[PDB]
Structure formats: C-alpha cells, structure tokens
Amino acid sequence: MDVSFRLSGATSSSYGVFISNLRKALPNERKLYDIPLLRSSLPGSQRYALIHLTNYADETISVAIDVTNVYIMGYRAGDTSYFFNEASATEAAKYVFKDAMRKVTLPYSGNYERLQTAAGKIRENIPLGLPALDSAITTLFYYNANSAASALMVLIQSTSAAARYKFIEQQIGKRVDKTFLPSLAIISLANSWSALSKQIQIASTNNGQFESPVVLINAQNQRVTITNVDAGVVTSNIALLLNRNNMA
C-alpha cells in the first residue's frame, strides 16, 4: 500500500499524518508491548510499498521501501529508476519501477557508513526538517552524483527513521520553515534500531528484561544503558520492531 507526502502546504501536522500512514502501510501480525512487530519475510508481491514525495515546486519522486524493515531500496524520477548497489535492491528492481526506461544502479549500498563516505559528511552535519526534505527531493529528481548520497540520508531519516521512532518524527516535523542538525539522540536511535528491536523481542520471553543492554544517547545528551521494557525509549518512543529473524 502506497503513501504520500506533499511539501506544498505542509505543516507539522500533515507530516505527522504522513508518518502515521507510513507506519500503517507496514504489515504486522503482532504487537509486543504495544509496538508493531514487523514481518520476518514476505512474498515479493507483498514486500514493497511506494512513498510518493512532491516538493514545493510540484516535482515528484517515488521511493520504494521493503515493508519488512522499512529500508529504502531506491527511487524513481520520471523515466529513470535509481537502486542501491546491494542484494535487497537488486531483488526489489524485479518488482518495482518496472517500466522505467533507464535504470541507474547507485555506486553504494544504502548503509549509513557507505552513504556518509559517499557524501563526504557525517549525519550530524547534514540538515533535516521539512525544507531539507524539499531540497533532497529536488536534488534526487535532478540527479547529480556528487549530491545524491547526502540527499538519500535526508530521505532515509525523514521517512524510515521517523516511522521507527516517535522522537525522530516529532523533531523533523516541528521544522516546517527552518532546518536543524540532528542531535546525537537521533544518531543513536537510528544506530540502535536493530539492537533495541532484538532486545525487546528477547524481553517478551524474559519478563521484560533485555539479555544485553543498549547504550543510547538521550535528548539531554546523557549516555544511558537501557536494560528493560519500562525504559522511556520502549514505552514512549520506538514505533516499530525489526523482526529478530530479519537481522542476520
């Protein structure tokens, strides 16, 4: 099921609607502690969804995600598709954007370490917020090799990461007419998503206790060691769980 967000006329509330809609597009059979557990595996015909994004200037891209893990596989602009250079995206390309005339395989996977190398910049120095998503859409719609990695990191954080964590949703959406640099809390949450997901699943079998702690950096910049499901990150932040059988 497809989802969309339009930057023209956007508000913090319409972004909230977009992120709720994105979360709702992701299949789950169960919740653990009131958090959706994503599917471990889906047939090809069920595995992908499109996010349609339109910038201030009415230019649109379509972004393919794997709905088992929220990972961006690639995007389409007009008659050209762009996929990450990795196994998952190669498989996605058999299912989405099939009638694109030209297909570009980007020179990196969609892994953050690869992207930052490619961008020449770390996440903390790349602006986010709604106007940043507008610029990322423009940058990718008129693809330019030297600018695309930074734009894809804005895209990832503005969609996937926001869907995974209410904190990230709220921080991005608040910036309607301005931009901001993500705090270490945003970096830390994004870094730890797989690990936190794994530990919450283990917790379900271990009376709410993690088997291994997750070190996070909180909104006050304190470094914290999280050990169970009564932690605020679990009660009041994470919004999706990566299935333990879809990690490695």
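Don't overthink the numbering: it's just position in the shown sequence, from 1.
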Higher avg CA temperature factor (216-224 vs 193-201, as deposited) belongs to 216-224
Mean Cα B-factor check, 171-179 vs 97-105, entry values; winner is 97-105
Based on the PDB entry, the highest CA temperature factor among the options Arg123, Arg114, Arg76, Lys166 is that of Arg114
Comparing C-alpha B-factors across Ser40, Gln46, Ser62, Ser188 in this entry, the winner is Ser40
Chain thirds by Cα B factor, record data; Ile137 belongs to the middle
Chain thirds by Cα B factor, record data; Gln209 belongs to the middle
Among the modelled residues of its chain, the C-alpha B-factor of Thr68 falls in the third labelled middle
Chain-relative C-alpha B factor for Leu241 (record values, thirds): the middle
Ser150: CA B-factor among chain residues, third -> middle
